[PDB]
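Heavy atoms only: backbone and side chains are in, while hydrogens, waters and symmetry mates are out. Just so you know, residue 1 is the first one in the sequence shown, and it goes up from there.
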Amino acid sequence: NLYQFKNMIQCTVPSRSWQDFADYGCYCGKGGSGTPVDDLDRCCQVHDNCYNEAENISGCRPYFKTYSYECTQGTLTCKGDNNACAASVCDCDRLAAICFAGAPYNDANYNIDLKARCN
Ligand SMILES: CC(=O)Oc1ccccc1C(=O)O
Ligand SMILES: [Ca+2]
């Protein structure tokens with residue numbers, strides 16, 4: 001679920017407030033269309049796409065599904081007790097968190113005008 005995703009972010013990127021990733025580029029946060037503005041936005045595009053794919057699983061709701069995961073000593077793990085939906089969503093989130101940690105953050109791309117620049 002989003003609360004868990006937020007925690008994954010806090011875990012792999014402890015140097016930025018999680019909010020910094022909540023409204024960035026065309027894909028990070030609410031937005032979900034257009035051309036990704038940079039490598040960080042591409043992380044979010046793939047993440048959004050990953051959620052769309054999981055929604056195909058009957059009864060699978062990525063924003064709300066609680067999965068089983070651990071973040072200890074610099075390592076994020078999705079656990080084995082996850083059903084297909086939970087496993088898929090956990091991996092979507094895990095891969096995005098890792099992606100965020102390796103991507104450059106451009107303050108200029110935070111809170112951009114989605115209606116004008118992302119369609
Ligand atoms: C806005 C939202 O509900 O989810 C997110 C939180 C942090 C980063 C990205 C997103 C997203 O939906 O793309
Ligand atoms: Ca999005």
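- Note that CD of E70 is 9.5 Å distant from SG of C11, once rounded to the nearest 0.5 Å.
- Summarising the geometry, atom CD1 belonging to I112 is positioned 4.0 Å from atom SG belonging to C26; distances are rounded to the nearest 0.5 Å.
- Atom CD in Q10 sits 9.5 Å away from atom OG in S17 (nearest 0.5 Å).
- For the pair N7 (side chain) and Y3 (backbone), a donor-acceptor distance under 3.5 Å is present.
- Looking only at distances, no side-chain donor or acceptor of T66 sits under 3.5 Å from a matching main-chain atom of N1.
- In this structure the side chain of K6 never reaches within 4.5 angstrom of the side chain of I9, judged on heavy atoms.
- Using modelled atom types, no side-chain atom of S68 and backbone atom of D81 make a donor-acceptor pair closer than 3.5 Å.
- When all heavy atoms of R61 and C85 are compared, the closest pair comes out as N-SG, 4.2 Å.
- Note that CG of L76 is 6.0 Å distant from OG1 of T12, once rounded to the nearest 0.5 Å.
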Quick one, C43 with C28, criterion disulfide bond (SG atoms under 2.5 Å apart). Give me CA distance, side-chain angles, the key distance, then yes/no.
CA-CA 8 Å; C43 289; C28 306; over 6 Å; no
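- Side-chain contact between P62 and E55 is present, with at least one heavy-atom pair separated by less than 4.5 Å.
- Of all the heavy atoms in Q19 and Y110, the pair that sits closest is O-CE1, 3.9 Å.
- Remark: of the listed residues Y27, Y24, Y105, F21, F21 is the sole one forming a ring-ring contact (aromatic ring centres under 6.0 Å, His included) with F100.
- With rounding to the nearest 0.5 angstrom, the CG atom of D41 is 9.5 Å from the OG1 atom of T35.
- Scanning both residues, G25 and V37, for their nearest heavy atoms gives CA-CG2, 3.8 Å.
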Could you check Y63 against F5 for side-chain contact (heavy atoms from CB on, under 4.5 Å), going step by step and ending with a plain yes or no?
CA-CA 9 Å; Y63 278 29; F5 186 39; over 6 Å; no
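- Closest approach of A96 to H47, counting heavy atoms only: CB-CD2, 3.4 Å.
- Of all heavy-atom pairs between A54 and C60, the closest is O-CB, 3.3 Å.
- Between the side chain of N82 and the backbone N or O of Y67 there is no donor-acceptor pair closer than 3.5 Å.
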Tell me, with the steps shown, if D91 and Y69 meet side-chain contact (heavy atoms from CB on, under 4.5 Å).
CA-CA 10 Å; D91 244 59; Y69 76 109; over 6 Å; no
Apply side-chain contact (heavy atoms from CB on, under 4.5 Å) to the pair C99 and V46, showing each step before the final yes or no.
CA-CA 10 Å; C99 191; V46 174; over 6 Å; no
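- Side-chain polar atoms of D38 and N106 form no donor-acceptor pair below 3.5 angstrom.
- Here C78 contributes atom SG and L95 contributes atom CG; the two are 8.0 Å apart, rounded to the nearest 0.5 Å.
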